[PDB]
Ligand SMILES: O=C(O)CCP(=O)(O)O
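So this first bit is one chain, no partners, the form solved without the ligand, shown in structure tokens.
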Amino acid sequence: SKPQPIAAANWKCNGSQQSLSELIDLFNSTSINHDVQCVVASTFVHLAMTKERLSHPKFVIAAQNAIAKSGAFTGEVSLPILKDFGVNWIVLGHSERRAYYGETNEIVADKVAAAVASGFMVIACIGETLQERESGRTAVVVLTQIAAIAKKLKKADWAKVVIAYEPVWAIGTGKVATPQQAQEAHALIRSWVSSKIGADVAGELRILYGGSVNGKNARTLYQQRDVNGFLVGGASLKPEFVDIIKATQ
């Protein structure tokens, strides 16, 4: 099966003009032989330079967050502005936003619906914490997270959605996630989609692993039947990202 995989770089709140230009030079000189969607999500400030310097056709740029409408919201950026600016991809509901910025399942769901409605390709993040994992609550939590989003879309909307599974429980907790655990979580997600939305949708849906990925463990990870790529953190700001992209063949 395997739908087209995605290798998304989440630069988070980082980068210098010098540092990012160098990485982008690296990326533009990289030979990519397979069918893969590479995505670079830089901070808002760097969207301009990225759009101008990244010429590799296998790459697309995306934003790391947004609000649904323009208006009196000092400091924020809305979908319309992004769209006007030529951005067609966006990452929403990232664990960091859910944890530090008050984004609940419902707000995340509203942002996604708005994004899809506006023509964006969306990378919607989901994942359970240590506590929820240890109490055997993974299925309940993740499925609830996904149901929220689903509640707002039409079957056809799924074509623009990408699900990113973040093992929040394994991030900064001292716990290590295994490729098997990742696969288990992805399968649970896909099964749900198949049963609640449709097998056609489920068969085409890309589900990315958003845990700790590096050049060393990426291939092992992509090998699993339900892993369709990665939403990478730290490694994405390094040349090693190329290795990660290569691991999706």
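In this text, rigid core is short for the largest set of C-alphas that superpose within 1.5 Å between two forms. Only residues modelled in both forms are compared. A residue's number is simply how far along the shown sequence it sits, counting from 1.
A second form of this protein, the form solved in complex with the ligand, is not displayed here; the remarks below concern that form.
Put simply, of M121, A113, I171, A177 only one has a heavy atom within 4.5 Å of the ligand in the entry with it bound, and it is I171.
Interface residue remark: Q181 is not counted as part of the site for the ligand in the entry with it bound, having no heavy atom within 4.5 Å. Taking the partner from elsewhere, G15 is found to have every heavy atom lying beyond 4.5 Å of the ligand in the entry with it bound. Contact check for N228: no non-hydrogen atom falls within 4.5 Å of the ligand in the entry with it bound. In the entry with it bound, the ligand stays beyond 4.5 Å of every heavy atom belonging to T30.
Note that among 32 to 40, 208 to 216, 192 to 200, 50 to 58, the stretch whose heavy atoms approach the ligand to within 4.5 Å in the entry with it bound is 208 to 216. The single residue of 88 to 120 lying near the ligand in the entry with it bound is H94, the criterion being any heavy atom within 4.5 Å.
Only one entry in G172, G102, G71, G86 has its C-alpha moved by 2 angstroms or more between the shown form and the other one when the rigid core is superposed, and that entry is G172.
Shifted region between the shown form and the other one (3+ consecutive residues, every CA moving 2 Å or more on the core fit): 169 to 176 alone.
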